[PDB]
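Engineer: The following file, entry-v3.txt, comprises compact mmCIF, C-alpha atoms and all ligand atoms:
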```
# COMPACT_ATOMS: atom_id res chain seq x y z
CA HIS R 1 62.69 28.90 13.35
CA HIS R 2 66.35 29.84 12.92
CA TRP R 3 66.82 31.28 16.42
CA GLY R 4 68.08 29.22 19.32
CA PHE R 5 70.75 29.21 22.00
CA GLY R 6 73.68 28.01 19.90
CA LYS R 7 76.84 29.95 19.09
CA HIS R 8 75.49 30.87 15.66
CA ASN R 9 71.79 31.39 16.40
CA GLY R 10 71.81 32.48 20.05
CA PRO R 11 70.88 35.77 21.75
CA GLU R 12 73.70 37.78 20.09
CA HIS R 13 72.14 36.93 16.71
CA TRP R 14 68.45 37.50 17.40
CA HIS R 15 68.51 41.18 16.36
CA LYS R 16 68.92 40.14 12.72
CA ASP R 17 65.42 38.59 12.60
CA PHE R 18 63.99 40.69 15.45
CA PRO R 19 65.49 44.22 15.37
CA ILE R 20 63.54 45.12 18.52
CA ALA R 21 66.25 43.05 20.24
CA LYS R 22 68.23 46.32 20.38
CA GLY R 23 65.19 48.30 21.56
CA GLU R 24 64.58 50.67 24.48
CA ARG R 25 62.70 48.28 26.79
CA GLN R 26 64.40 44.89 26.43
CA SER R 27 64.55 42.19 29.08
CA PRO R 28 66.05 40.80 31.20
CA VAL R 29 68.06 43.41 33.06
CA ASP R 30 70.49 43.56 35.96
CA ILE R 31 68.77 44.86 39.05
CA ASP R 32 71.21 47.22 40.78
CA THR R 33 69.95 47.32 44.37
CA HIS R 34 72.01 50.44 44.97
CA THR R 35 69.85 52.36 42.51
CA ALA R 36 66.48 50.56 42.42
CA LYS R 37 64.13 52.97 44.16
CA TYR R 38 61.48 52.11 46.77
CA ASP R 39 58.03 53.31 45.54
CA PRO R 40 55.21 53.60 48.18
CA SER R 41 52.65 53.94 45.38
CA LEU R 42 53.37 50.22 44.90
CA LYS R 43 50.67 47.96 46.25
CA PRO R 44 50.93 44.38 47.47
CA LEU R 45 50.86 41.84 44.68
CA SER R 46 47.60 39.83 44.46
CA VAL R 47 48.29 36.32 43.21
CA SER R 48 45.14 34.22 43.04
CA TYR R 49 45.96 30.70 41.87
CA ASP R 50 43.38 28.61 43.73
CA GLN R 51 41.35 28.19 40.54
CA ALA R 52 44.39 27.80 38.27
CA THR R 53 43.79 24.76 36.03
CA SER R 54 46.88 23.21 34.54
CA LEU R 55 46.52 21.19 31.34
CA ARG R 56 49.77 19.80 29.97
CA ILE R 57 53.53 20.13 29.86
CA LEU R 58 55.43 20.45 26.60
CA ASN R 59 59.05 20.42 25.48
CA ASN R 60 59.01 23.12 22.79
CA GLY R 61 62.68 22.83 21.82
CA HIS R 62 64.06 25.66 23.98
CA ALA R 63 62.31 25.11 27.34
CA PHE R 64 59.32 23.29 28.78
CA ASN R 65 55.99 25.10 29.26
CA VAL R 66 53.26 24.15 31.72
CA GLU R 67 50.08 25.36 30.10
CA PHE R 68 46.89 26.54 31.86
CA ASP R 69 43.25 26.89 30.95
CA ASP R 70 43.14 30.69 30.78
CA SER R 71 39.35 30.81 30.56
CA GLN R 72 39.40 30.46 34.34
CA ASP R 73 38.43 34.00 35.26
CA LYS R 74 39.58 33.66 38.91
CA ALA R 75 43.17 32.48 38.16
CA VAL R 76 44.54 36.01 38.13
CA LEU R 77 47.47 38.27 38.90
CA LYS R 78 46.51 41.82 39.84
CA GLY R 79 47.60 44.58 42.19
CA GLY R 80 51.23 45.52 42.56
CA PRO R 81 52.08 47.87 39.66
CA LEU R 82 49.24 46.58 37.47
CA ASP R 83 45.94 48.08 36.38
CA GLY R 84 43.19 45.59 35.82
CA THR R 85 43.39 41.85 35.72
CA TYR R 86 45.85 39.44 34.16
CA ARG R 87 45.20 35.74 33.49
CA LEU R 88 47.76 32.97 33.97
CA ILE R 89 48.49 31.22 30.67
CA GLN R 90 51.78 29.29 31.24
CA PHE R 91 54.96 28.99 33.18
CA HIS R 92 58.44 27.95 32.18
CA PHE R 93 62.00 28.18 33.45
CA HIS R 94 65.45 29.25 32.28
CA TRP R 95 68.53 27.46 33.60
CA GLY R 96 72.22 26.93 33.16
CA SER R 97 74.82 24.33 32.29
CA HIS R 98 75.85 24.46 35.98
CA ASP R 99 74.41 25.88 39.21
CA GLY R 100 76.39 29.13 38.96
CA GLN R 101 74.38 30.54 36.06
CA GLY R 102 70.92 30.20 34.54
CA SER R 103 68.81 33.16 35.60
CA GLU R 104 67.91 35.90 33.19
CA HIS R 105 67.53 38.74 35.62
CA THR R 106 70.52 39.36 37.86
CA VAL R 107 70.78 41.14 41.20
CA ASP R 108 73.91 43.25 41.52
CA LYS R 109 75.35 41.04 38.76
CA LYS R 110 74.57 37.85 40.72
CA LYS R 111 73.26 34.99 38.57
CA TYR R 112 70.99 32.38 40.08
CA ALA R 113 70.79 28.69 39.11
CA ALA R 114 67.47 29.22 37.34
CA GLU R 115 64.51 31.53 36.97
CA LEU R 116 60.81 30.77 36.82
CA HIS R 117 58.47 32.86 34.69
CA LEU R 118 54.72 32.83 35.29
CA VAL R 119 53.21 34.51 32.25
CA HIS R 120 49.87 36.40 32.40
CA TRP R 121 47.89 38.43 29.83
CA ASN R 122 45.79 41.54 30.31
CA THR R 123 42.10 40.64 30.15
CA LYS R 124 41.32 44.02 28.57
CA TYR R 125 42.81 42.68 25.28
CA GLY R 126 40.66 39.55 25.08
CA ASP R 127 43.41 36.97 24.50
CA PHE R 128 47.17 36.42 24.63
CA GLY R 129 47.77 36.99 20.91
CA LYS R 130 46.19 40.40 21.03
CA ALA R 131 47.74 41.33 24.37
CA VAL R 132 51.37 40.88 23.20
CA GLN R 133 50.82 43.69 20.70
CA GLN R 134 50.31 46.24 23.52
CA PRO R 135 52.81 47.83 25.95
CA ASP R 136 50.68 46.77 28.94
CA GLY R 137 49.75 43.41 27.44
CA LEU R 138 51.52 40.95 29.74
CA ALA R 139 52.62 40.67 33.35
CA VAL R 140 55.37 38.15 34.02
CA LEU R 141 56.14 37.13 37.58
CA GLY R 142 59.77 36.13 37.83
CA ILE R 143 61.17 34.01 40.64
CA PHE R 144 64.77 33.06 41.15
CA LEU R 145 65.86 29.50 42.06
CA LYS R 146 68.88 28.81 44.21
CA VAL R 147 70.24 25.45 45.28
CA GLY R 148 69.72 24.14 48.80
CA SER R 149 66.70 22.43 50.32
CA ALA R 150 64.19 20.87 47.94
CA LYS R 151 60.99 22.62 46.92
CA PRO R 152 58.20 20.06 47.36
CA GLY R 153 55.87 21.87 44.99
CA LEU R 154 58.39 21.55 42.17
CA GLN R 155 58.71 17.78 42.43
CA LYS R 156 55.79 16.92 40.09
CA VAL R 157 57.41 19.10 37.43
CA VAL R 158 60.89 17.62 37.66
CA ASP R 159 59.62 14.02 37.82
CA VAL R 160 57.62 14.39 34.59
CA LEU R 161 60.62 15.68 32.60
CA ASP R 162 61.95 12.23 31.74
CA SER R 163 58.78 11.59 29.74
CA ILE R 164 59.16 14.83 27.72
CA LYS R 165 62.90 14.64 27.00
CA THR R 166 62.88 15.70 23.36
CA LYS R 167 61.36 18.52 21.37
CA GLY R 168 57.64 18.06 20.72
CA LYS R 169 56.95 15.60 23.52
CA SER R 170 54.19 16.42 25.98
CA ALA R 171 52.49 14.90 28.99
CA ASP R 172 49.21 15.38 30.73
CA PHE R 173 49.79 17.68 33.67
CA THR R 174 46.52 18.29 35.41
CA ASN R 175 46.00 19.29 39.04
CA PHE R 176 49.32 21.06 39.35
CA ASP R 177 49.14 23.93 41.85
CA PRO R 178 51.51 26.77 41.01
CA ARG R 179 51.18 28.13 44.55
CA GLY R 180 53.75 25.49 45.45
CA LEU R 181 56.37 27.43 43.50
CA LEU R 182 56.04 30.71 45.41
CA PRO R 183 58.40 31.95 48.11
CA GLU R 184 57.16 33.25 51.47
CA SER R 185 57.55 36.91 50.57
CA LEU R 186 55.91 38.69 47.67
CA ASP R 187 58.30 41.67 47.94
CA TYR R 188 59.26 42.61 44.37
CA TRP R 189 61.04 44.81 41.87
CA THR R 190 59.14 46.03 38.80
CA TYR R 191 60.03 47.67 35.50
CA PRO R 192 58.61 47.82 31.94
CA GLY R 193 60.24 45.35 29.56
CA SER R 194 59.92 42.63 27.00
CA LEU R 195 59.54 38.98 26.19
CA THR R 196 62.98 37.34 26.61
CA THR R 197 62.61 35.04 23.62
CA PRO R 198 61.71 36.08 20.09
CA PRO R 199 59.67 37.92 19.11
CA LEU R 200 61.06 40.02 22.04
CA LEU R 201 58.01 42.24 22.05
CA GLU R 202 58.00 45.18 24.44
CA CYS R 203 54.72 44.26 26.08
CA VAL R 204 55.64 43.13 29.59
CA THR R 205 55.31 44.59 33.07
CA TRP R 206 58.00 42.62 34.88
CA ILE R 207 57.53 41.75 38.50
CA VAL R 208 60.60 40.05 39.91
CA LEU R 209 60.41 38.65 43.44
CA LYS R 210 63.23 39.51 45.82
CA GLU R 211 63.09 36.16 47.60
CA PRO R 212 64.39 33.15 45.66
CA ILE R 213 62.92 29.72 46.10
CA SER R 214 65.28 27.00 47.22
CA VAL R 215 65.43 23.87 45.11
CA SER R 216 67.72 20.89 45.52
CA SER R 217 70.76 20.14 43.38
CA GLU R 218 68.98 17.05 42.07
CA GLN R 219 65.82 18.95 41.15
CA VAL R 220 67.64 21.47 38.99
CA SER R 221 69.91 18.76 37.54
CA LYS R 222 66.79 17.13 36.08
CA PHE R 223 66.18 20.28 33.98
CA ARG R 224 69.54 19.69 32.30
CA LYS R 225 68.59 16.17 31.20
CA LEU R 226 66.06 17.58 28.74
CA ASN R 227 67.16 17.88 25.09
CA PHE R 228 66.77 20.74 22.59
CA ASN R 229 66.54 18.23 19.73
CA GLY R 230 63.71 16.06 18.51
CA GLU R 231 63.66 12.27 18.91
CA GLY R 232 65.97 10.31 16.64
CA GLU R 233 68.13 13.37 16.01
CA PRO R 234 71.57 14.03 17.53
CA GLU R 235 71.41 14.52 21.31
CA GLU R 236 71.83 18.11 22.51
CA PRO R 237 71.22 18.73 26.25
CA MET R 238 68.90 21.63 27.00
CA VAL R 239 71.12 23.97 29.04
CA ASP R 240 71.87 27.71 29.07
CA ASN R 241 68.51 28.71 27.65
CA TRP R 242 68.74 32.17 29.24
CA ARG R 243 69.07 35.54 27.55
CA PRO R 244 71.69 37.77 29.22
CA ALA R 245 70.93 41.14 30.81
CA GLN R 246 70.13 43.92 28.34
CA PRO R 247 70.68 47.71 28.55
CA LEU R 248 68.34 49.37 31.05
CA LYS R 249 68.41 52.60 28.99
CA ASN R 250 65.95 55.19 30.30
CA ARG R 251 64.03 52.93 32.71
CA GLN R 252 63.57 52.99 36.45
CA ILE R 253 63.38 49.79 38.43
CA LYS R 254 61.05 50.27 41.40
CA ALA R 255 61.08 48.27 44.60
CA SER R 256 57.97 47.45 46.63
CA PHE R 257 60.07 47.26 49.79
CA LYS R 258 62.72 49.09 51.84
CL CL R 301 64.71 15.39 42.36
ZN ZN R 302 60.98 33.21 30.34
```
Mind converting the file's structure to structure tokens?
Structural biologist:
Amino acid sequence: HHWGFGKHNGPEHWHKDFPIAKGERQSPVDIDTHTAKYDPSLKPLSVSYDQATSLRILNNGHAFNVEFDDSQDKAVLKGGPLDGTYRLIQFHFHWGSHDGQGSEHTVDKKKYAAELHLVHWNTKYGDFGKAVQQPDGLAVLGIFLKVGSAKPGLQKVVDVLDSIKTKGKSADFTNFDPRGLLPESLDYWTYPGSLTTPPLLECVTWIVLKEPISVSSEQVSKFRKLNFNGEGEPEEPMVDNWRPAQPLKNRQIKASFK
């Protein structure tokens, strides 16, 4: 595809192939903590990843995805703002060219070093491809990464990246437990939004955790050693694969806390 993260095909250009890029429910957004409103209707998140079955990790040319067997009916996100049950299909990250940027969501304009997205689809639509065509099709759990102590549960991910350095490379990645990527608190903000890469479909209930996970400088530096390009082609480090905050328009960000 033509789209990427370059000066001539990056986020500012996506609207030409995907006009929904200038839509009413685009993601990510800045979360203004002044105005985000606490909503007591909001239930605790239920994240059930004990039966989550990871399969493989793939460099797709703009990030790396860890893919799951989404036939596992117990590997589910539910509760919080959601009706029904959502199955984990993949996770990936967004990160920067340095520690001071990389997240897609911001909090009072603050950018984090990276952001993790755990992507789930609504079982009522049968599969992912059908779910993304519906406003309540996906639930994406977003988790900020900041630099400090190391996150032990991330280490298997960062250590495998050397073997998937270029576009198209993959590695077996079984027995990875995504519970090791979760912070202590499941306090969250939620709002209706979109995929943050093309096709940018407005099909996502976003659930963004308030508490970042801490990862070490070295862990996040390994992300930046990946390449956008395929093998044999001219080296281009995979960095700044984040879409900037988009207009909130007529949406309300709700907080599950305070
Ligand atoms: Cl490391
Ligand atoms: Zn993402």
Engineer: Using only C-alpha atoms, which of the listed residues (R:171, R:77, R:118, R:29) sits closest to residue 191 in chain R?
Structural biologist: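 Among R:171, R:77, R:118, R:29, it is R:29 that comes nearest to residue 191 in chain R.
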Engineer: Please extract the residues at most 7 Å from ligand ZN 302 (chain R), counting only C-alpha atoms and all ligand atoms, and provide them as an MDAnalysis selection string, using the chain letters and residue numbers of this document.
Structural biologist: chainID R and resid 92:94 116:117 196
Engineer: For a test of reading the model, state the distance in Å between CA of residue 194 in chain R and CA of residue 142 in chain R, rounded to one decimal.
Structural biologist: 12.6 Å
Engineer: Have a look at CA of residue 179 in chain R and CA of residue 152 in chain R and let me know their distance in Å, one decimal.
Structural biologist: 11.1 Å
Engineer: Which value, in Å to one decimal, gives the distance between CA of residue 55 in chain R and CA of residue 193 in chain R?
Structural biologist: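 CA of residue 193 in chain R lies at a distance of 27.8 Å from CA of residue 55 in chain R.
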Engineer: Leaving out residue 197 in chain R and any residue of its chain fewer than 6 positions from it, which residues lie within 9 Å of it when counting all atoms listed in the file, given as a ChimeraX atom specification?
Structural biologist: /R:11,14,242-243
Engineer: Against ligand CL 301 (chain R), which residues of chain R fall within 10 Å? For each one I want the closest pair of atoms and the distance in Å (one decimal), counting all atoms listed in the file, rows by chain and increasing residue number, as JSON lines.
Structural biologist:
```
{"residue": "R:150", "atom": "CA", "partner": "R:CL301", "partner_atom": "CL", "distance": 7.8}
{"residue": "R:151", "atom": "CA", "partner": "R:CL301", "partner_atom": "CL", "distance": 9.3}
{"residue": "R:152", "atom": "CA", "partner": "R:CL301", "partner_atom": "CL", "distance": 9.4}
{"residue": "R:154", "atom": "CA", "partner": "R:CL301", "partner_atom": "CL", "distance": 8.8}
{"residue": "R:155", "atom": "CA", "partner": "R:CL301", "partner_atom": "CL", "distance": 6.5}
{"residue": "R:156", "atom": "CA", "partner": "R:CL301", "partner_atom": "CL", "distance": 9.3}
{"residue": "R:157", "atom": "CA", "partner": "R:CL301", "partner_atom": "CL", "distance": 9.6}
{"residue": "R:158", "atom": "CA", "partner": "R:CL301", "partner_atom": "CL", "distance": 6.5}
{"residue": "R:159", "atom": "CA", "partner": "R:CL301", "partner_atom": "CL", "distance": 7.0}
{"residue": "R:215", "atom": "CA", "partner": "R:CL301", "partner_atom": "CL", "distance": 8.9}
{"residue": "R:216", "atom": "CA", "partner": "R:CL301", "partner_atom": "CL", "distance": 7.0}
{"residue": "R:217", "atom": "CA", "partner": "R:CL301", "partner_atom": "CL", "distance": 7.8}
{"residue": "R:218", "atom": "CA", "partner": "R:CL301", "partner_atom": "CL", "distance": 4.6}
{"residue": "R:219", "atom": "CA", "partner": "R:CL301", "partner_atom": "CL", "distance": 3.9}
{"residue": "R:220", "atom": "CA", "partner": "R:CL301", "partner_atom": "CL", "distance": 7.5}
{"residue": "R:221", "atom": "CA", "partner": "R:CL301", "partner_atom": "CL", "distance": 7.9}
{"residue": "R:222", "atom": "CA", "partner": "R:CL301", "partner_atom": "CL", "distance": 6.8}
{"residue": "R:223", "atom": "CA", "partner": "R:CL301", "partner_atom": "CL", "distance": 9.8}
```
Engineer: As a list in words, please: the residues near residue 235 in chain R (cut-off 12 Å, only C-alpha atoms, same-chain neighbours under 3 positions excluded).
Structural biologist: residues 165, 166, 167, 225, 226, 227, 228, 229, 230, 231, 232 and 238 of chain R
Engineer: List the spatial neighbours of residue 74 in chain R as a ChimeraX atom specification - criterion: any atom at most 9 Å away, all atoms listed in the file, same-chain residues fewer than 6 positions off excluded.
Structural biologist: /R:48-52,87
Engineer: Tell me which protein, DNA and RNA residues are within 9 Å of range 127-136 of chain R, counting all atoms listed in the file, leaving out same-chain ones fewer than 5 positions away, and put them as a PyMOL selection string.
Structural biologist: chain R and resi 70+82-83+89+120-122+192-195+201-205
